[PDB]
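Novice: Sequence, then structure. It's an experimental one.
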Amino acid sequence: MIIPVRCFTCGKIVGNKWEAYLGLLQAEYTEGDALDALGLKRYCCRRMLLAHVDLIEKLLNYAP
Amino acid sequence: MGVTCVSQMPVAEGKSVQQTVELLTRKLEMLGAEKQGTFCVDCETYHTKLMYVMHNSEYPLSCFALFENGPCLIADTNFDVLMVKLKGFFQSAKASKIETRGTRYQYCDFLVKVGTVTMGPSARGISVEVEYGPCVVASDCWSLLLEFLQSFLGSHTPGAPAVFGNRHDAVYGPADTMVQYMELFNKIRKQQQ
Amino acid sequence: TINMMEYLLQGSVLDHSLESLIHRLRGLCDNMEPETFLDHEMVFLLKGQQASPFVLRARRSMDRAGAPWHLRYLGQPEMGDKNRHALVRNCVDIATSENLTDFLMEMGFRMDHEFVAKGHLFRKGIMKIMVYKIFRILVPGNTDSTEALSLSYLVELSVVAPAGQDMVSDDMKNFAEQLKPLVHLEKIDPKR
Amino acid sequence: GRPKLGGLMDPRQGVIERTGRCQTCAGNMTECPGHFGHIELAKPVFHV
Amino acid sequence: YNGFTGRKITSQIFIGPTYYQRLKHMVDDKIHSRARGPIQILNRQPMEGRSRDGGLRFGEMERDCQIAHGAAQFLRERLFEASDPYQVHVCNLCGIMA
Amino acid sequence: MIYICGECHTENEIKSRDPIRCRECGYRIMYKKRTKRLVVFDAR
Amino acid sequence: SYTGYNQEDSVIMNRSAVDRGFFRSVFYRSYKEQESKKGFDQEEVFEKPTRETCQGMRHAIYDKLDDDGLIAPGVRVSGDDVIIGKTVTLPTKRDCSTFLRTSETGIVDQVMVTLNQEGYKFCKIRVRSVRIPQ
Amino acid sequence: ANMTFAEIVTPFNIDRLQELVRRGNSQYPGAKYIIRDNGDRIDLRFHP
Amino acid sequence: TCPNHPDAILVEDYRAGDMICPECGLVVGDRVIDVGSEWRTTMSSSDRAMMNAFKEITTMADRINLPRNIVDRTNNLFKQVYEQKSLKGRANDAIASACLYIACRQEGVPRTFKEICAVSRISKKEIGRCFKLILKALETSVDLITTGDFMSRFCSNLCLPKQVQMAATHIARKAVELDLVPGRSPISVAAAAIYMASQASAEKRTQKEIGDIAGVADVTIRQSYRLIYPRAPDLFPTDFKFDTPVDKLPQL
Amino acid sequence: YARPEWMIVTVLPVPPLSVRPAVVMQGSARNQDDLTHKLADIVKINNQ
Ligand SMILES: [Zn+2]
Ligand SMILES: [Zn+2]
Ligand SMILES: [Zn+2]
Ligand SMILES: [Zn+2]
Ligand SMILES: [Zn+2]
């Protein structure tokens, strides 16, 4: 639902890069270029951002 | 029945509860005192008024039930069994049990016992009892207990107890020692902090 | 602790034949001089919320000086098998200090009925045979004046067994059988 | 409201309530195997 | 590299990202045991009660398997002792019990 | 006994006898508020 | 073929990944209980019973339930636990409460009370249990 | 822990079975029931 | 019934379905408790008549969308009355209609006698007579109806806003408290209050409309409204948005 | 072991309670078995 804190494979901190990744995508970076700028070199970490679905954004549209 | 005195000695400084007993007991050993076994005093409570039942190990078969200012019954161990059988009828209270467990040191006709009233699982405090078996008379054997205490206890030596109370030729009793223990226990339970 | 069950068989002897029974018991029983005890017993009942009042029996030996009061609790009858031919009750026996009356009253137990029992006690092995004449006590507190509840004397055979194993009743039945021609000791239910 | 002799729920036939024992074999629910009853037919009846 | 020893594995492993799914079948929901549990009213046989302790069906195929094994005692245990043991008093003269 | 209205999210005390219904909203779906008893989670 | 524990359509999972939430899941189970006043004097009511008031009860602790007979959200529930305390008046009042699955061990997620299509009060209790891959 | 095997008490295994009984049903390995020569069953968790 | 424990309460167990003495643990009863059930985890003339009455009750209830709980209460009431047999001379349909009315009253959502008659072939007079007889037979009673009981249904059927419904309820309750409508039927008072609120709000409903929904003649509504009109500003809620000022409300 | 006359039903056996045990439903409403209901039928008809 929300970006995982750690990369499942190697445990790299990945939970603080979702907003920056979206900002780069808005800034017109390709997905790979944005991942490289964020510093995710291992494809295990790149998978976290590339394959993430942020369902929490839509879940917040329902009144509490 | 030999005149006895029990007092609580604060651990002081940062000395751990156990660390202070270890040191106080070594100080007693440094009186030429020789260990003469082990002593366990386990007491349970009832919220009925309030009932107390205590049993020193020094007395092998007796169980003492004390009703505050009211009379103390010295009874056999089957008394605890009667108490348990009544239990459904009886009140129980909530984990107010208090126990002091420590070594017994004998110094030429004086038995000194230093123990940590461990409440439940956690120790807090210290009880010292000095008994004199030869001294049947009491209330004026205070000079003796006081001199011996100033010898080893030094500071925090008690200025008597009220169990001696009114001056009388009344002999000291095992009930009186139990009343001293009950006042000491009420103080540990409530001293707090 | 294990519990102590008391096996009791109760029977009566008229006064005229008391001498014959005394001589007979002395012969069958162990060769000990007769006890000739005299005692005062007061029963205390606890009127709590539960309907059944706890009954504790307190006994003081007036005849024997310097002997402690005895406090006992007697359980409900556990008799079941017809073959046992004995009354079984749970029992706890505790010696108590003289300040027993005050402790019980402060606790809340209330004195109910008082009796004075005088008679002879004889024993064979574990078995104890007590022959006594119950005396009613009148006046609110005292033992100076007593009236006889009956001309006859109750005879009770009691064993305080540890509750381990059984056949304790069988031994009792055999001993009771010998006194049966002189006096019919049988298990009589307390009810009526 | 109690078992009656000669009725369908005859206490003789077995145990009625779990905390009870039948009057015939004095056995509890597990021990008692149940005992048969009978009905007298005023007229003979064929067996299917 | 072998995790236990750190030595290079002689063969080169085929490794990469693949999309896997966790099925609803968890061992937690499927594990169940029965040991001297509740029984029903008439059959006096096992039935699940307040748990998954309804036991396992010792079917005809299992009966035939134990027959082939020749374990007569075990078969009798499974079908009689484990399921619904019972004893009755029967008259020798007339076979009907009473 | 506090219940939260499912529509307007209003807390209201309700007894065991009175009907379950929002005091002001009229909405008939109620949710119990989280228990005051504190539950410990191991962050594993 | 690392250690032979993946043989025959088996799989070896990374315990560290599982610890990091890998393939972790929620299991929500919903229990619905309705109180029905059907019968001359056979009525059901949600309430926490007492070991003496009712005709019969169980050793299971009923302290979890609230004054309304419903377990509050956020309370851990394991086997032999009462989530809904119901009493059906005996034609005393017999205990008609409902329990959970013994294996199940979760937290009461959401408790709602409403009137069903029949107009009878009923409660839906969603219990949440976390399934870590194992 | 749920499943049990009834072991007959022998002087060979008296001490081991006593230790298992002391452990009881609470902590595995332990025991669930004790059956006397009378054939009666005693529940260890109910009677500690 | 622990043999060694006279009068011992044996605790039930779910693991094995047995009752065990708690002080010794002895298992009294092997599998005796039946945890599966204990733990929840040619027709006779009388019965045929009862079945027909139940079918009629269900039909009448569905005509006005009454809940199944009210239907069940009506069925129980009809069973009691029918077995009591003090109304054996009265029609089963009339008994069923009166039982339905009593069930609504007891459940706290009363329906007017006219409302029940609209769904029942039995007339209002017969329904009322059977209702009185049923009350006497059951030796029970029904709480007196109040104006607020019918406000929800009447306003919803008139499609009035929630504010208008609240205003009408407050007006009727305050009028009853002030005793401006002594002896007047609660339905008539509620209809008059609803008319006042509707005329004071944007959604205006005619006397004929309100009478049609409420079962009350427009003339009766006129009488009640005339009784409550002088004190309309007092009756109206303080925080009410008057589309038509209370002074300019219709005078009739 | 088998006489032809015995084939005709003159005395009808009544199964024990264990064969057709009474069930409890909706509280304490004892639900008599189908065998109990049928036995009630034969009892009524036989008495009539
Ligand atoms: Zn990574
Ligand atoms: Zn039987
Ligand atoms: Zn035979
Ligand atoms: Zn709301
Ligand atoms: Zn027992």
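Specialist: Right, received. Where do you want to start? Numbers count the residues shown, from 1 in each chain, chains lettered A, B, ... in the order given. Ligands and ions are numbered 1, 2, ... in the order given.
Novice: contacts, neighbours, all on C-alpha from now
Specialist: Noted.
Novice: Closest residue of chain H to ligand 3?
Specialist: residue H:39 (28.3 Å; Cα to the ion).
Novice: what's the answer for chain F, then?
Specialist: Residue nearest to ligand 3 within chain F: residue F:16 (63.7 Å; Cα to the ion).
Novice: From residue I:208, how far out is that residue?
Specialist: Residue F:16 sits 42 Å away from residue I:208, going by Cα to Cα, to the nearest Å.
Novice: longest helix of chain E?
Specialist: helix E:60-69 (DSSP state H).
Novice: Now that one: buried residues?
Specialist: Using 16 or more other Cα atoms under 10 Å in any protein chain shown as the burial criterion, the residues of helix E:60-69 that qualify are E:63, E:66.
Novice: Check which helices and strands that helix is in contact with.
Specialist: helix E:72-76 (3 or more Cα pairs under 8 Å, 6 or more residues apart in numbering or on different chains; DSSP states H and E).
Novice: Where does the residue of chain F at minimum distance from chain A sit, in terms of helix or strand?
Specialist: Here the residue of chain F nearest chain A is residue F:9; by Cα to the nearest Cα that distance is 8.1 Å. Residue F:9 belongs to no helix or strand when elements are defined using DSSP states H and E.
Novice: now do the one 3 residues further on
Specialist: Counting by DSSP H and E, the secondary-structure element that holds residue F:12 is strand F:11-13.
Novice: Return the distance of that strand from the chain's centre.
Specialist: 7 Å (Cα atoms, centre = their mean, to the nearest Å).
Novice: residues making contact with it?
Specialist: With contacts defined as Cα atoms under 8 Å, 6 or more residues apart in numbering or on different chains, strand F:11-13 is touched by F:1-5, F:22-23.
Novice: Can you flag which of these belong to strands?
Specialist: F:2-5 (DSSP state E).
Novice: Quick one: those residues as JSON lines, columns for distance to residue B:65 too.
Specialist: Converted to JSON lines, these look like this (distance: Cα to Cα, whole Å):
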{"residue": "F:2", "distance to residue B:65": "49"}
{"residue": "F:3", "distance to residue B:65": "52"}
{"residue": "F:4", "distance to residue B:65": "55"}
{"residue": "F:5", "distance to residue B:65": "58"}
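Novice: And the helix or strand harbouring residue B:38, what's buried?
Specialist: Residue B:38 belongs to strand B:34-46 when assigned by DSSP H and E. Going by neighbour count (16+ other Cα under 10 Å), the buried part of strand B:34-46 is B:35, B:39-46.
Novice: again, but for stretch G:123-133
Specialist: Those would be G:123-129, G:133, for stretch G:123-133 by 16+ other Cα under 10 Å.
Novice: Tell me which ones among those residues also neighbour chain B, please.
Specialist: For chain B, no contacts are drawn from the buried residues of stretch G:123-133 by Cα under 8 Å from any Cα of the partner chain.
Novice: Quick check: the farthest pair among those residues?
Specialist: G:123 and G:133 (31.4 Å; Cα to Cα).
Novice: Quick one: name the residues of chain A near chain E.
Specialist: residue A:44.
Novice: OK, now which residue of chain A is nearest to chain D?
Specialist: Counting by Cα to the nearest Cα, chain A gets nearest chain D through residue A:64, at 52.4 Å.
Novice: how many neighbours does the nearest residue to residue E:40 once chain neighbours are set aside have?
Specialist: Distances taken as Cα to Cα, 6 or more residues apart in numbering or on different chains put residue E:47 closest to residue E:40, at 5.9 Å, once the chain neighbours are dropped. Neighbourhood size, residue E:47 [other Cα atoms under 10 Å in any protein chain shown]: 22.
Novice: With the one 3 residues further on instead?
Specialist: Residues lying near residue E:50 (other Cα under 10 Å) number 25.
Novice: what do you get for residue C:139?
Specialist: For residue C:139, using other Cα under 10 Å, the count is 9.
Novice: Pick out the residue nearest the middle of chain D.
Specialist: residue D:13 (2.0 Å; Cα atoms, centre = their mean).
Novice: do you know how far the residue lying closest to that one once chain neighbours are set aside is from residue I:30?
Specialist: Spatially, and ignoring its direct neighbours in sequence, residue D:13 is nearest to residue D:35 (4.4 Å; Cα to Cα, 6+ apart). As for residue D:35, its distance to residue I:30 is 20 Å (criterion: Cα to Cα).
Novice: next one: residue C:38
Specialist: Residue C:38 sits 53 Å away from residue I:30, going by Cα to Cα.
Novice: what's the answer for residue I:167, then?
Specialist: 68 Å.
Novice: which parts of chain E sit against ligand 5?
Specialist: Within chain E, no position lies close to ligand 5 (Cα under 5 Å from the ion).
Novice: who in chain E is up against chain J?
Specialist: E:41-42.
Novice: From the chain's centroid, how far away is stretch J:26-39?
Specialist: Worked out by Cα atoms, centre = their mean, stretch J:26-39 lies 11 Å from the chain centre.
Novice: And for stretch J:33-48?
Specialist: 7 Å.
Novice: cool, stretch I:245-252 as well?
Specialist: With Cα atoms, centre = their mean, you get 34 Å for stretch I:245-252.
Novice: And residue B:170, how far from residue D:9?
Specialist: From residue B:170 over to residue D:9 (counting by Cα to Cα), the distance is 78 Å.
Novice: more crowded one of those two?
Specialist: The neighbour comparison of residue B:170 against residue D:9 (other Cα under 10 Å) goes to residue D:9, with 20 against 12.
Novice: tell me, what residue is most central in chain C?
Specialist: Of the residues in chain C (compared using Cα atoms, centre = their mean), residue C:156 is nearest the centre, at 6.7 Å.
Novice: and the closest residue to chain F within the stretch 101-250 of chain I, how many neighbours?
Specialist: Using Cα to the nearest Cα, residue I:162 is the residue of the stretch 101-250 of chain I that sits closest to chain F, at 10.0 Å. Around residue I:162 there are 12 other residues, counting by other Cα under 10 Å.
Novice: Would you mind checking which of the contacts of strand F:11-13 is nearest to residue A:6?
Specialist: Using Cα to Cα, these come closest to residue A:6 at residue F:4, 36.2 Å.
Novice: show me the contacts for that closest one.
Specialist: Counted by Cα under 8 Å, 6+ apart, residue F:4 has contacts F:10-12, F:30-33.
Novice: Residue B:148 and residue F:2, how far apart?
Specialist: For residue B:148, the distance to residue F:2 - Cα to Cα - is 67 Å.
Novice: Would you confirm that residue I:115 belongs to a helix?
Specialist: Yes. Under DSSP: H, G, I helix; E, B strand; the rest coil, residue I:115 sits within a helix.
Novice: That one and residue I:228, how far apart?
Specialist: The value you get for residue I:115 to residue I:228, if Cα to Cα is used, is 25 Å.
Novice: just residue I:97 next, same as before
Specialist: With distances defined as Cα to Cα, the gap from residue I:97 to residue I:228 amounts to 33 Å.
Novice: Mind checking which of those two has more residues around it?
Specialist: Applying other Cα under 10 Å to residue I:97 and residue I:228 shows that residue I:97 carries more neighbours, namely 33 against 25.
Novice: Phi, psi for the more buried one please.
Specialist: When read as degrees, to the nearest 10, the backbone of residue I:97 gives phi -60, psi -40.
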